[PDB]
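Please note: Cβ atoms are built from the backbone with ideal geometry, for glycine as well, and neighbour counts cover all protein chains shown. Nothing in this text is a laboratory measurement; each read-out follows from the coordinates by a stated rule.
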Amino acid sequence: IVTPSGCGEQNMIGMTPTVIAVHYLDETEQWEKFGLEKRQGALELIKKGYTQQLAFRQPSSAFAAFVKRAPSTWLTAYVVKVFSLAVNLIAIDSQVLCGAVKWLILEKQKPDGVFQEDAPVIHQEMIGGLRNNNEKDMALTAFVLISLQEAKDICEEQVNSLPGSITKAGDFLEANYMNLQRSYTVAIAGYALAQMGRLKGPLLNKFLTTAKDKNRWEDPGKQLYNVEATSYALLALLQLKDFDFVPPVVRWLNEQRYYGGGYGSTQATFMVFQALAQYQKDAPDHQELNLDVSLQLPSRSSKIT
Amino acid sequence: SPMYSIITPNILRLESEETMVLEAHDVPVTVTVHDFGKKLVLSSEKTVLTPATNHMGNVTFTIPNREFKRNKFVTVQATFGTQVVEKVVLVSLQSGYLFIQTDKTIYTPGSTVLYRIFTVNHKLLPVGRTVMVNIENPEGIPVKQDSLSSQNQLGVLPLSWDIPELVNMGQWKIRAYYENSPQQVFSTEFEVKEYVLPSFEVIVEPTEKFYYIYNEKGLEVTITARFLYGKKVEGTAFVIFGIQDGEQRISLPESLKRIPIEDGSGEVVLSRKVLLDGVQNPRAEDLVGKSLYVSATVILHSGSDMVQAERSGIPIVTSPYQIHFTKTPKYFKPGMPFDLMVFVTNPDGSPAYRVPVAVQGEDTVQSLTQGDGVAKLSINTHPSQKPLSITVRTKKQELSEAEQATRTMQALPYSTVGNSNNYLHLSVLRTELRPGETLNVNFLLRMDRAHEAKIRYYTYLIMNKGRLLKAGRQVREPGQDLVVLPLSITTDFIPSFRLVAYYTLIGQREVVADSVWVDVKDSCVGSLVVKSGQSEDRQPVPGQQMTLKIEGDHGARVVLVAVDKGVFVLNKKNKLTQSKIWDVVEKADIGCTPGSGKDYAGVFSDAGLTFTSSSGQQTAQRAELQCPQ
Amino acid sequence: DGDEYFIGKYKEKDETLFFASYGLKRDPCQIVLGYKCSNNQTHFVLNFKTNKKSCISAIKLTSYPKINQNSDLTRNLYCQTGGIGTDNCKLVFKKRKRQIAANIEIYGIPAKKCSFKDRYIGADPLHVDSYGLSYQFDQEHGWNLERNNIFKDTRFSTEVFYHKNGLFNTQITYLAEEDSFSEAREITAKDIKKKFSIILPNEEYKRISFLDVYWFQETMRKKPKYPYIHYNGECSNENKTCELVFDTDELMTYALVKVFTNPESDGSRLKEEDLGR
Ligand SMILES: *[C@@H]1O[C@H](CO)[C@@H](O[C@@H]2O[C@H](CO)[C@@H](O[C@@H]3O[C@H](CO)[C@@H](O)[C@H](O)[C@@H]3O)[C@H](O)[C@H]2NC(C)=O)[C@H](O)[C@H]1NC(C)=O
Ligand SMILES: *[C@@H]1O[C@H](CO)[C@@H](O)[C@H](O)[C@H]1NC(C)=O
């Protein structure tokens, strides 16, 4: 339970639990324990937080920490993604979102093919353990690619240069897949890469072998990576519909059982709960069952099937 | 402009028609239904409020869809020209009933089974939907399943099955349910066992249902056997007794008797000594709570037949009565008198008749009971806010003082603000209400003693079958303390109804309310009569013809079946009767408490009703499906 | 073993609509799942109409015991009112004296986003057609011959109409060695009328040189009535957008056109005995 209140980033860290709760209680409907007879109050708080987020917009058609703060790629694109998830759920101006996406396309497109966001991150409470600026470029390039993919179903016709940019990014990063050390960012980048189907063969072998002990995708420090790390692969394997390493993913998820919320809970928690959502929707408690039996007797000219 | 209030049913059932009561306390209002994130829009309605009509909106609409596959909610909102009020409610799936009829009760291998299915909705009217039916063997694994639709048939489905020649024995089951909601099922049982049809019937009966442990005559039973076509019988009978405990039976070998049955009449007597010696319990008082049963066998003088009859469940008790508090409000009334309704029954559950009750604390405060075994009493209050305990004791005459039943009950106070403390209760003789009669709801009232000349009216609602049947409005002029509602009881009120009333007072904000539970006589609203249109000369002869006369309402369908009366001797369980229908429809209501909760939210939410106000003076919510326990 | 008859093509991701087994001497049928049939000395017909939102994909029938007769030179299964793509059609089967059983299955796919272009277009459109038989040409003129081992029919002279597995065919003109494949176009059942047309481009290096049409339809009796597929006006170099117009006597349920392109075509190419009235 984290009340959505404060500035843009605090409102964001308070409202992504709203979305994960929305999905998890669309599968369960346990809103009773979301405040002890406070579900309507919680929803009202969520709505006022969303209204405050809208009020913090800028003339540049972007949302930041404040009306005066310089807009950035990561925060604005994340807000766009969440609103896209909630276009049919809450009052979302689709034209505003598409205009923001097109401004993102027309402004922040470096000729080098590597995208960078303007405002540096100061606090590590939301990013995680990647404060060091060593391989952030590839992660942000993958994030921009994911933004383009999600805008592909929303702003398909307004910008027609999307296939060319995607092809250029894939060609540039095709030989750069062999120059990464940290495992969880490799996992999320591979999930994005396979979201359009570009992860197979030896690339998949290096993907799997990157994790420690072939199962745990841990990095030095930030133990909250655990219930996070394999989560990425699951969604990646959700793109490949591979449920052979997903069970080990599940086993390593259950080995921590950390409460979470707050420190570093801005992308891992949403990703793991959406992954659980599609895992339960596609794979219920039961498994596939389909049999055909045919028996033939020596005294009849037909067979019973 | 001051306030706007919405009254809604607690749970709304999909694919039906529901209502809201809107009370502005010359404005257009609109209501709308949205899903829970936001699934476009479901429905909306527009209405206007007229001062000449006291500003009452009886807004009705039909709730639809196929996406509705745990439990889920829905939001209802309403804008009254300028201000919006909204509330979230639950949606359920139970959307009708299913009744199953079979021609016979016990079958043999090689025969055929013929059955019928009736489909009805909440109001008990014909409907048409899709149903599925399974047949289950004794172990549990289904043998045959099928799916059917009952469109353009007015709601009767006949079917058939054919038992094989080489089949198992015992109990078989039929299970049917709607296609939309597989969570709820309806079931029926029948037997499979080879037999041969008997020729006469045997009846065993005692003289007293109970058994007082202090009698020197023991227990006496009588035996009556008769042929099927009406003539008397002769023969010999063997009788034995037993003792029944919770899943346990003990046979007393010393109690076995042979008696000659002449003209169908035999007498058997059991004494104290045999019963005491059969068990290892010299202390008689340890026997209370254990039952008796008797078994008999009758043989003819020609050595041709053999019939067995068993009666089980003769209780052993020391008090020939019993007291209950199933339908008494639990929260008392500070200042104003508190009314109790006792319930007295025979030990077998049959309601008693003409037995007086009283209270040990007071004197001469007594009454009798009508045919339903219910007595009405009243008691004054302290009126200190300390909870009070009351006791009830039977005061029947011509009986010893040591054989009177009694019990105790506790009450809790009511939490008002500012000491308004206004209630409702009908001061009429609680008798056998009948359709077509009249009722006089007497508002026994006690406002604030200081400035009680400000209240102008009250609001009242009638609840039946989990829906708002009617909403009224009765006014009064300042300086009065008693008003009457002459209600006219119609046929739609069957089998029971709940009246809820309230009023609003200017403080801060005051709202006061109460509720009452009333019951009416039970019988089908229509009428079907079957008799013999023949001249009724003499008894018929095999192969003859006769005339059968039917009377019923216009434009109906009548289905018939004739069964021999020798089958019922072998197995006489699981039949169809109107009492079963009323029991089934009554057992699935919403509000299970008699009424008069702890406060206004309590009384409104304990009768399956929801009240929302523009000032935020709302009620709590519920998200389960059945009341506790 | 038993003989088999097909309608349509099967795919590994289809769910069954229903599956049943029938005897072929009882009178009348056994009513299975509330459906209707009719059985005579030389006919077996069935009525089908699904309730869920789905479009049918394939039908298959198996008969026992084996009999000495091939199953590709004539027609034995055909449904009379509907077809493939429409949610219902009335199957008709013609028996013999020695067939005493049948097994029937139907497959379908979700109604909204169902299209059949991914199957009948094949994996190598330049070398194999939808039937499966590969093309083969004449080395001295470079014009394809006529496949001969399938049920073929003619209306008048200089016309051809093939049939196989419930799929018809009609080749507009003759094909050359150096043709190329441009694209394919499909027409679903919601855009089908008694008479309609279709627009194709002929801009520069997209010159149309070959068109072959595949379509399902219905037949009242065993003798079909092939529709008129003529070539509106003349598609020369000048008129860039060229139209194809249909003229049907019975209602179809699906169509598919495989445009071929060749920049060298002058618009006219005909055999030395096809030409004079
Ligand atoms: C045994 O049953 C089959 C059908 O189950 C019979 O074939 C069908 O017979 C009907 C009745 O003659 C034919 O309908 C007729 O068609 C004409 C065509 O113009 C039309 O005027 C009418 O609709 C007329 O009823 C139908 O064409 C024919 N074939 C089908 C349905 O495919 C068969 O004749 C029966 N056997 C015998 C010996 O009658
Ligand atoms: C050919 O050009 C003429 C010019 O009038 C036009 O009418 C006709 O439709 C064109 N035919 C095709 C097949 O495009």
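Order by neighbour count: C:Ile100, C:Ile109, C:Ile208, fewest other Cβ atoms within 10 Å first, most last.
Arranged by neighbour count, lowest to highest, C:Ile100, C:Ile109, C:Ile208 become C:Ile100, C:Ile109, C:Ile208.
Using only Cα positions of region B:350-487, each an equal point scatterer, no hydration layer, compute I(q)/I(0) via Debye at q = 0.09, 0.10, 0.15 Å⁻¹ and quote the log10 values to two decimals.
Reported log10 I(q)/I(0), two decimals: -0.43, -0.53, -1.08.
Rg to Rh for region B:524-587: what is it, with Cα atoms only and Rh by Kirkwood?
Using only Cα positions, Rg/Rh for region B:524-587 is 1.04.
Per DSSP H run of at least 4 residues, take -39500 (n - 2.57); add these up for chain A, divide by its residues and hand me the 222 nm value, nearest 500 deg cm²/dmol.
Taking each H run of at least 4 residues, the total per residue is -16500 deg cm²/dmol.
Any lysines with Cα under 16 Å of the B:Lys72 Cα? List them, leaving off those in the same chain fewer than 8 positions away.
By straight Cα distance, B:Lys72 reaches A:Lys33, B:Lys38, B:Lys39, B:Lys87.
In whole Hz, what ³J(HN,Hα) sequence does region B:268-273 give by Karplus (6.51, -1.76, 1.60; θ = phi - 60°), x for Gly and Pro?
Karplus values, whole Hz, x for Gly and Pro: 10, 10, 10, 9, 5, 4.
Run the dipole for region B:97-197 about the Cα centre, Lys and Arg Cβ at +1, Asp and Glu Cβ at -1, nothing else charged, and hand back the magnitude in debye, nearest 20.
Dipole magnitude for region B:97-197 comes out near 420 debye.
Amide H of B:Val307 versus every other amide H placed in the peptide plane: which residues, excluding those fewer than 5 positions away on the same chain, fall under 5 Å?
B:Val298
Where Rh is the Kirkwood radius over the Cα pairs of region A:8-282, the temperature 25 °C and the viscosity 0.890 mPa s, what D in µm²/s does Stokes-Einstein return?
124
Any of B:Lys69/B:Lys465; B:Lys330/B:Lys521; C:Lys164/C:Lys194; C:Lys60/C:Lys90; B:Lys232/B:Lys573; A:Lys81/A:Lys108 with alpha carbons more than 20 Å apart? Name them for me.
B:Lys69/B:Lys465; B:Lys330/B:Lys521; C:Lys164/C:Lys194; B:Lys232/B:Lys573
Got a sec to turn the phi values of region B:555-563 into Karplus ³J(HN,Hα) couplings, 6.51 cos²θ - 1.76 cosθ + 1.60 with θ = phi - 60°, whole Hz, x for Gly and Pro?
Once rounded to whole Hz, the list reads x, 10, 10, 10, 10, 10, 6, 10, 9.
How much net charge surrounds A:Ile154 when only other residues with a Cβ under 14 Å from its Cβ are counted (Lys, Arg +1; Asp, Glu -1)?
Around A:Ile154, the charge tally is -2.
I need the shape label for the protein assembly as shown. Rule: rounded when a/c is under 1.5, else prolate if a/b > b/c, else oblate, with a, b, c from the alpha carbon gyration tensor.
oblate
Give the residue from B:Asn134, B:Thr105, B:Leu154 lying farthest towards the positive end of the charge dipole for region B:80-158; charges sit on Cβ (+1 for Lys and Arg, -1 for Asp and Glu) and the dipole is referred to the Cα centre.
Farthest towards the positive pole: B:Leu154.
With a cap of 10 neighbouring Cβ atoms within 10 Å, and only residues DSSP puts in a loop, list the chymotrypsin sites (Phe, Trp or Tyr not before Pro) found in region C:193-271.
C:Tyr205
Shape call for chain B from the C-alpha gyration tensor, a ≥ b ≥ c root eigenvalues: rounded (a/c under 1.5), prolate (a/b greater than b/c) or oblate?
Verdict is oblate for chain B.
Could you point to the residue in C:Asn40, C:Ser180, C:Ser265 farthest towards the positive end of chain C's charge dipole, with +1 and -1 charges on the Cβ of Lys/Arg and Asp/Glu respectively?
Working it through, the farthest residue towards the positive pole turns out to be C:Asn40.
What whole number of Å gives the distance from the Cα centroid of region B:548-608 to the Cα centroid of region B:276-301?
36
Can you tell me which of C:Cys242, C:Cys79, C:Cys55 moves the most in a GNM of chain C? Springs connect C-alpha atoms under 10 Å apart.
C:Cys242
Can you give the convex hull volume of the alpha carbon atoms of region A:168-248 per residue, in Å³?
Each residue corresponds to 89 Å³ of Cα convex hull volume.
If the elastic network links every pair of Cα atoms under 10 Å, which of A:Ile105, A:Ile20, A:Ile122 fluctuates the most in the Gaussian network model of chain A?
In the Gaussian network model the winner is A:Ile122.
Please report the spacing between the Cα centers of region B:422-490 and region C:209-277 in Å, no decimals.
The two parts, judged by their Cα centres, are 85 Å apart.
Charges at C-beta only: +1 for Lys and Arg, -1 for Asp and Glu. How large is the resulting dipole of region B:419-570 about its Cα centre, in Debye rounded to 20?
340
Could you give each residue of region B:443-458 its phi-based ³J(HN,Hα) in whole Hz, using Karplus coefficients 6.51, -1.76, 1.60 with θ = phi - 60°, and x for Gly or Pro?
Computed from phi, the couplings for region B:443-458 are 6, 6, 10, 8, 6, 5, 6, 8, 10, 6, 9, 10, 7, 10, 7, 9 Hz.
With the Cα gyration tensor of region A:1-71 giving a ≥ b ≥ c as the square roots of its eigenvalues, does the rule (a/c under 1.5 for rounded; else a/b larger than b/c for prolate; else oblate) give rounded, prolate or oblate?
prolate
Calculate, for C:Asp72 and C:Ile199, the FRET efficiency according to 1/(1 + (r/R0)^6) with r their C-beta to C-beta distance and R0 25 Å; round to the nearest 0.05.
0.10
Round to a whole angstrom and tell me the spacing of the C-alpha centers of region B:198-269 and region C:55-97.
With region B:198-269 and region C:55-97 each reduced to a Cα centre, they are spaced 73 Å.
Consider all pairwise Cα distances in region C:1-64 and report the whole-number % of them above 16 Å.
58
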